């Protein structure tokens, strides 16, 4: 029932500043102990810090490696905890996760957010070109056809893909991205569909790349 | 006084 | 002052594994251990807290113990869902920080071997008008997760302009991957057939496209 939704992730040059938000629903935020853990690309987990409830100190503490550059604060009005980052290093590039924790009736509960990717780098942002991958004539001859979207040459991660505004769930396989020699990412998304529906049903993939402000809805025709 | 987790929540005494 | 776990672990389906963690008196010794599960991609999930208590809504196949300065997570009725990284965690007194173990990659043996399916896409016309032909080779539903991809042009081996993905695990409990061949629009037209050859275990599934 509980959810932790974080955001404000993105790209920021070395020396820069950034603010993550974690918005907590299905939880009495007032009584929730909030914290942040980060995971740098391909490494283990590292605690960043926590903040106590208002009924305690309201106070934060921090891992020594970010002490004084990072500020955790909270807004009980708005059900949200913040992780303010200033003076960022490349070594700060990681997926940042927040945690909410309560203790109700002698039982502990600790829920994690999906995480937000923060890339610290002096390379530039680039949005994708979205191209429709049409089947053929040789696969529009089988009983089911696969068609897709190519999401080409973007940075940083991530990209979301849905189909028909999220209403086409089934037979949908979005692949993880390859990292090109260019430092740019590409991925593909495929949906497999009944071959008799190429003519009636109109298929549109929805691609979002929030760092570039690129939101595309490409029709895949034949 | 027992604390638990990365948010170091208050859980039990002794 | 670090919490140390063995890097890997392994066992067969339906059986039971133990994963250990050893700290010192200043962390595990003085406080209590929690355990996390992390399937790559997803977030970590709490499994055990205060040494041996089970997190809300968690299989009782998982159980935890603390002996002295070490700690132990145990897993029953081993399912394929269960392979993930496992992290112990405790508060440390001298550092004043929540400290996580090295992490342990559990793998589950005896999983059904499955051959890969392959989808190969030509460059879109839209992309050719920009003179940049990209060939897309999608690879899924296979196990174990080791594949080799070769590309061929008219039976000649294409080595240049290939970018292949490290194989990743799906919601399926099986693996997936992609391979991309990057061409200019006139190399694409310079050959009559291109082909994507995926080899898995010792069998090769091959697919073709033509201009």
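Which one of these is surrounded by fewer than 19 Cβ atoms within 10 Å (Cβ to Cβ) and either over 20 Å from residue C:7 (Cα atoms) or in the same structural domain as residue C:3 (by CATH) (or both): C:72, C:156, C:168? Explain how you work it out, then say what you get.
Working: C:72 fails: surrounded by fewer than 19 Cβ atoms within 10 Å (Cβ to Cβ); C:168 fails: either over 20 Å from residue C:7 (Cα atoms) or in the same structural domain as residue C:3 (by CATH) (or both).
From the options C:72, C:156, C:168, the qualifying one is C:156.
Here residue A:44 passes the criteria (1) within 10 Å of chain B (Cβ to nearest Cβ); (2) closer than 30 Å to residue A:208 by Cα; (3) outside any strand (DSSP E or B) except the one numbered (1).
Of the strands (runs of 3 or more DSSP E) lying entirely inside region C:143-207, the ones with 3 or more residues being away from every other protein chain (no Cβ under 14 Å) and touching a strand residue (DSSP E or B) at 6+ places or on another chain (Cβ under 6 Å) are found at C:147-153, C:194-200.
Listed conditions (1) more than 12 Å from every other protein chain (Cβ to nearest Cβ); (2) within 30 Å of residue B:7 (Cβ to Cβ) are all met by residue A:124, apart from (2). The residues on offer are C:26, C:63, C:1, and the sole one that is outside any strand (DSSP E or B), surrounded by 14 or more Cβ atoms within 10 Å (Cβ to Cβ) and more than 19 Å from the chain's Cα centre (by Cα) is C:26.
Going by what's in this entry, would residue C:134 be described as without any contact (Cβ under 8 Å) to a residue 60 or more places away in the chain, touching a helix residue (DSSP H, G or I) at 6+ places or on another chain (Cβ under 8 Å) and at the interface with chain A (Cβ under 8 Å from one of its Cβ atoms)? The answer is yes for residue C:134.
Per-residue answers, yes or no, for (1) without any contact (Cβ under 8 Å) to a residue 12 or more places away in the chain; (2) more than 10 Å from chain C (Cβ to nearest Cβ); (3) out of contact with any helix residue (DSSP H, G or I) (no Cβ under 9 Å at 6 or more places or on another chain):
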site: A:151; (1), (2), (3): no, yes, yes
site: A:157; (1), (2), (3): no, yes, no
site: A:160; (1), (2), (3): no, yes, no
site: A:165; (1), (2), (3): no, yes, yes
site: A:169; (1), (2), (3): yes, yes, yes
site: A:181; (1), (2), (3): yes, no, yes
site: A:184; (1), (2), (3): no, yes, yes
site: A:188; (1), (2), (3): no, no, yes
site: A:193; (1), (2), (3): no, yes, yes
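Looking across region C:96-115 at every residue that is away from chain A (no Cβ under 14 Å) and in a strand (DSSP E or B), the one that is surrounded by the most Cβ atoms within 10 Å (Cβ to Cβ) is identified as C:108.
The values are calculated or read from the model by the stated rules, or taken from the named source; none is laboratory data. Methodologically, a virtual Cβ is constructed for each residue, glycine included, from the backbone with ideal geometry; neighbour enumeration extends over all protein chains shown.
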